[PDB]
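Here the structure is laid out as structure tokens; the discussion comes afterwards.
By convention here, the first residue in the shown sequence is residue 1. Heavy atoms only: backbone and side chains are in, while hydrogens, waters and symmetry mates are out. When a ligand or atom number is given, it counts from 1 through the structure's own listing order.
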Amino acid sequence: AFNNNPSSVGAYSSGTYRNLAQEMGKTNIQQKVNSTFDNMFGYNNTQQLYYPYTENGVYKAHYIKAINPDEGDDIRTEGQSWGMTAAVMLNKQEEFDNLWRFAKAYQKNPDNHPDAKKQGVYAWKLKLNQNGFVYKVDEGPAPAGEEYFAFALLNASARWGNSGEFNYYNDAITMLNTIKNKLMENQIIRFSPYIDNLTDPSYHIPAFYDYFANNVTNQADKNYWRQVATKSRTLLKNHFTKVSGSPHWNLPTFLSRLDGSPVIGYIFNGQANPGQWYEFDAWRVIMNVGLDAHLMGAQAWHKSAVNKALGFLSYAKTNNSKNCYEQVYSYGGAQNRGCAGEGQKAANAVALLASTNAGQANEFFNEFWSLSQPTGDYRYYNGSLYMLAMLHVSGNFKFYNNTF
Ligand SMILES: O[C@@H]1[C@@H](O)[C@H](O[C@@H]2CO[C@@H](O[C@@H]3CO[C@@H](O[C@@H]4CO[C@@H](O[C@@H]5CO[C@@H](O)[C@H](O)[C@H]5O)[C@H](O)[C@H]4O)[C@H](O)[C@H]3O)[C@H](O)[C@H]2O)OC[C@H]1O
Ligand SMILES: O[C@@H]1[C@@H](O)[C@H](O[C@@H]2CO[C@@H](O[C@@H]3CO[C@@H](O[C@@H]4CO[C@@H](O[C@@H]5CO[C@@H](O)[C@H](O)[C@H]5O)[C@H](O)[C@H]4O)[C@H](O)[C@H]3O)[C@H](O)[C@H]2O)OC[C@H]1O
């Protein structure tokens with residue numbers, strides 16, 4: 001049965017990981033997790049997201065392909081870093097290394113880049129040109145990518161050691177220093193190096209920063225990352241307070257100021273959507289809250305955040321002619337961007353690790369568990385989230401500490 005009383009002590013401290021699928025009475029859990037990985041990383045052109053990159057017939061590395069029918073397929077740091085994370089959680093070392101090799105070679109901007117803000121950060125969007133060679137479309141970073149890269153590399157160091165192709169640990173420390181020096185403002189993760197007083201709630205994963213604190217050597221850096229963790233929980237708490245009730249109606253948003261205030265409308269040239277939309281980025285916020293609750297302990301704010309957000313989505317479904325909650329809301333109003341897909345449902349299943357409502361658990365978990373693994377033209381985002389969620393709800397998303 002669903003544990004509606006999540007412990008205030010996290011799995012990272014206790015070593016005790018919940019298996020949410022088991023709590024919900026599901027069978028063949030680990031087999032389903034395994035087939036999810038195998039299908040995503042297999043050469044089937046169906047669920048597949050993991051593709052080899054070759055130059056003149058010579059194998060180089062692998063990437064996660066952000067399949068895109070409208071705008072052309074591209075390659076993204078977040079997809080890449082999530083792929084590495086999935087691989088390390090299931091002890092899939094070749095897949096990890098092939099993805100990391102690609103990132104280090106083709107996504108990393110040179111440390112001597114003329115623009116100091118780009119030095120050592122990871123170009124968020126690549127494509128293959130008309131001859132099949134990789135190039136950077138936008139050299140700017142999407143910092144959730146670097147966050148996951150650092151997280152995946154620290155875990156790889158811990159599981160596999162550092163005597164093979166990669167010194168994972170040294171690569172992780174370099175990544176952490178890049179985040180600190182290039183991708184933070186006042187110890188809050190940036191949306192961009194080029195815009196101040198701006199964050200993206202979905203980039204906040206407080207437990208990762210605690211994990212970083214425990215895996216650096218020097219005292220100043222340990223304290224730095226602990227402060228980032230505290231400030232991240234405060235940002236998310238403040239954001240959830242601000243979106244409570246009218247006018248945001250309990251869903252977190254795409255963009256936020258550093259005090260947690262949703263960004264209203266447009267604020268910069270190139271901006272994809274209005275700041276106050278619950279949209280594709282924002283889907284992940286309560287998933288991150290669930291992650292944090294599970295790994296570092298469930299506090300009153302985690303519970304309130306997820307209970308109210310899932311509560312709104314359940315309500316929204318009853319007022320929908322197609323009996324679904326939708327992909328995009330603004331100020332509590334549906335923006336007609338379609339019924340929720342697999343990635344959004346996946347995000348909401350992970351949020352249940354902070355839920356105290358068995359009725360929400362039954363509804364949201366079964367809607368995720370009944371899905372087939374994503375296929376077709378929109379499988380990049382849906383499929384990547386689906387993979388992460390499969391790890392989170394099966395007790396397979398763990399923190400592996402390094403030893404010193
Ligand atoms: O110079 C600076 C610029 O570099 C800067 O650029 C920003 C860099 O960060 C970018 O953020 C990432 C964008 O990608 C997000 O994930 C998306 C979410 O959407 C998914 O696509 C949807 C899937 O579902 C379909 O139904 C729907 O139609 C799709 O839209 C997509 O697959 C994912 O990759 C990441 O979360 C972000 O981190 C940002 O876009 C850039 O603006 O901007 C500032 C400038 O000064
Ligand atoms: O566009 C705007 C419209 O969106 C707006 O409509 C309003 C939207 O919100 C509606 O209210 C929702 C009611 O349900 C809430 O979820 C609750 C949260 O609490 C849960 O209870 C917890 C369960 O577990 C216990 O252990 C725990 O102690 C409890 O706290 C409960 O199960 C959920 O159902 C949603 O968060 C609300 O959004 C409201 O009725 C609409 O009017 O109207 C204006 C328009 O502009």
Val393 and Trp369: which non-hydrogen atoms are nearest, and at how many Å?
-> CG2-CZ3, 4.2 Å
Ligand 1 atoms in contact with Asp138 (distance to a heavy atom under 4.0 Å) = 3 (C), 4 (O), 6 (O)
Interatomic distance, CD1@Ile205 vs CG@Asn288, rounded to 0.5 Å, equals 5.0 Å
Looking at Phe41, does the NZ or CZ of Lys92 lie under 6.0 angstrom from its six-membered ring centre and within 45 degrees of the ring axis?
-> no
Check whether any N or O atom of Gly332, backbone or side chain, sits under 3.5 Å from an N or O atom of ligand 2, and answer yes or no.
-> yes
Side chain to side chain contact (heavy atoms under 4.5 Å, CB included) between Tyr203 and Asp281, intermediate numbers included = CA-CA 8 Å; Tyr203 295 5; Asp281 279 24; 4.0 Å; yes
Which ligand 1 atoms, with their elements, are less than 4.0 angstrom from a heavy-atom of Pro141?
-> 8 (C)
With a 4.0 Å cut-off on heavy atoms, does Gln327 reach ligand 1?
-> yes
Minimum-distance protein heavy atom relative to atom 42 (O) of ligand 2 = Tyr315 OH, 4.1 Å
Considering only non-hydrogen protein atoms, determine which one is nearest to atom 39 (C) of ligand 2 and report residue, atom name and distance to 0.1 Å.
-> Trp249 CZ3, 4.2 Å
Distance below 4.0 Å between atom 35 (C) of ligand 2 and any protein heavy atom?
-> yes
shortest atom 33 (C) of ligand 2-to-protein heavy-atom contact is with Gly311 CA, 4.0 Å
Does ligand 1 have an atom that lies less than 4.0 angstrom from a heavy atom of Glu279?
-> no
Short list, please: which atoms of ligand 2 are under 4.0 Å from a heavy atom of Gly333?
-> 1 (O)
Might you point out which heavy atoms bring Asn4 and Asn357 nearest each other, and give the distance in Å?
-> CB-N, 4.4 Å
Would you mind finding which of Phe254, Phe268, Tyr203 brings a heavy atom closest to atom 44 (C) of ligand 1?
-> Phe268
Please report which non-hydrogen protein atom sits nearest to atom 21 (O) of ligand 2, along with the residue it belongs to and the distance in Å to one decimal place.
-> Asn357 ND2, 4.4 Å
Check each of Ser192, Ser202, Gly140 against atom 5 (C) of ligand 1 and report the one with the nearest heavy atom.
-> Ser192
Which of the ligand 1 atoms, numbered from 1, are nearer than 4.0 Å to a heavy atom of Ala142 = 9 (O), 38 (O)
Among non-hydrogen protein atoms, atom 19 (O) of ligand 2 lies closest to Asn307 O, 4.5 Å
Side-chain contact test, heavy atoms from C-beta onward, threshold under 4.5 Å: evaluate it for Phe397 versus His294 and give yes or no.
-> no
May I ask you to list the atoms of ligand 1 that are less than 4.0 angstrom from any heavy atom of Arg284?
-> 36 (O)
Considering only heavy atoms of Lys308, which atoms of ligand 2 have at least one such atom less than 4.0 Å away?
-> 35 (C), 36 (O)
Report the relative orientation of the aromatic rings in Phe96 and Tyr168; use parallel for angles under 30°, tilted for 30 to 60°, perpendicular for over 60°.
-> perpendicular
Identity and distance of the protein heavy atom lying nearest atom 25 (C) of ligand 2 = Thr356 OG1, 3.6 Å
Does the side chain of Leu128 come within less than 4.5 Å of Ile75's, by heavy atoms?
-> yes
Is atom 13 (C) of ligand 2 in close reach of the protein, with a heavy atom under 4.0 Å away?
-> no
Tightest non-hydrogen contact, residues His248 and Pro262, listed as NE2-CG, 3.6 Å
Indicate whether any N or O donor in one side chain lies under 3.5 Å from an N or O acceptor in the other, for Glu279 and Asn273.
-> no
Compare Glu78, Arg76, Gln344 and give the one whose heavy atom is closest to atom 17 (C) of ligand 1.
-> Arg76
The residue among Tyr378, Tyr51, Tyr381 that forms side chain to side chain contact (heavy atoms under 4.5 Å, CB included) with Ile67 is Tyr51
What's the shortest distance from atom 46 (O) of ligand 2 to any protein heavy atom, and which residue and atom give it?
-> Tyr331 O, 4.2 Å
Rounded to the nearest 0.5 angstrom, the CG-CD distance for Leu258 and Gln187 is 12.0 Å
To the nearest 0.5 Å, tell me how far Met84 CE sits from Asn98 CG.
-> 11.0 Å
Could any protein non-hydrogen atom be found less than 4.0 Å from atom 31 (C) of ligand 2?
-> no
Starting from atom 38 (O) of ligand 2, which protein heavy atom do you reach first, and at what distance in Å?
-> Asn250 ND2, 3.0 Å
Are the charged groups of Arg284 and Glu78 less than 4.0 angstrom apart, N to O?
-> yes
